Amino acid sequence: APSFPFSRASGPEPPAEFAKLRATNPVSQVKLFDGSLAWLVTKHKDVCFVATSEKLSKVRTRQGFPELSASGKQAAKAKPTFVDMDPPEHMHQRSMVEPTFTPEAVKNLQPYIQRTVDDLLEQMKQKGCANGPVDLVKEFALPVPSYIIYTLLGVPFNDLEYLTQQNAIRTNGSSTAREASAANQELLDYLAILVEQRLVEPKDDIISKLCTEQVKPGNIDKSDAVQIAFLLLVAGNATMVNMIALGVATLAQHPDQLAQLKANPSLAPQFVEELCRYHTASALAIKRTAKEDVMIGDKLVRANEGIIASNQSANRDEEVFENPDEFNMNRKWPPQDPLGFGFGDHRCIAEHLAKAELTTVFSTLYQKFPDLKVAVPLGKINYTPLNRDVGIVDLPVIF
């Protein structure tokens, strides 16, 4: 059984194993870091089954849960938030914060999203690139989702820049463990204090809604509110940063499609849909353990055996998406959903917010900077390490 996670075939490409497994052995066993075996599911139809089957559990203290690293094994010990819950606990807690992320709520946020993107682009323009390329990640891709989610949570404007840097330090590949866990503690301590404050004078933010509607009535206590706030911050931010940078890089690699977006910014939504299928930047979140024996394809998955469902592989599934390895924002979409945001009850709470952020970015960026160019040869883009989710560490641009 091969070791899993697999390595990406190159900087921007999924692991090569997935295409072979889809063709010859679509439900197979893999070996995890601790020697245990897990089932790997690779076809779109089977990923959807794993994401919705009531015989499968997300509870991480169940025997067989497929932790992929040593830190996940010990993180399993903490009191769970709704990301690690089964029904009915899952939606009981998820519904406490879902109101901010509905399509109606995200529609009302759209002027604020546009203003955030506008302001940060104008700052980048004023900084200029007269003294060399600027890092699109540091200058734009990082602050855009960071400022927005921090602001929704209730962080005051003056604290955004420091806290944006701390959260980046958490996930930066060159941070030592001491740097990353210090940045983590910094974030937790700040949120605890913000929860204390909002308990005394609520404002109009997510933390205030939790304090008023759930902590004070006694449905949760303030430490749960901290954990939930922390989950909403760290679950998708690094992914958002990577998607923005990957979109720029992808467009530099497909000049004809960038020219179409320049001449018709209304194609941004279609570009975003294809971006999220092609570059599946969160590919290791759909994991389960079997509560009962369950049959998947031609395999029997025994109770207490772990399952990993690759939505990255599903998004390249030849049986669903014609020419899946071509990036084509003009593709015709089948009836099946792309699975960039997962599937079923656990499907990304922030799907609509994420798409609205991405859509706002790519309908504005090249109107503001029509001559935006990646400043290094495309073969020299600094992608994330091949053993991690696809992403871009830094992206020097001129404009």
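When you see a residue number, it is the position in the sequence shown, counting from 1.
Here 356-364 and 64-72 are compared by their mean Cα B-factor, and 64-72 comes out higher. With 347-355 and 32-40 compared on mean CA B-factor from the PDB entry, the stretch scoring higher is 32-40. When the Cα B-factors of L284, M240, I148, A182 are read from the PDB record, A182 comes out highest. Comparing the C-alpha B-factors of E104, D159, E139, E274 in the entry, the top value falls on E104. For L395, the recorded CA B-factor ranks within the middle third of the chain. Only modelled residues enter the ranking. When the modelled residues of the chain are ordered by their C-alpha B factor, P133 lands in the highest third.
Ranked by Cα temperature factor within the chain, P335 sits in the highest third according to the deposited record. Ranked by C-alpha B-factor against the other modelled residues of its chain, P99 falls in the middle third.
For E292, the recorded CA temperature factor ranks within the highest third of the chain's modelled residues.
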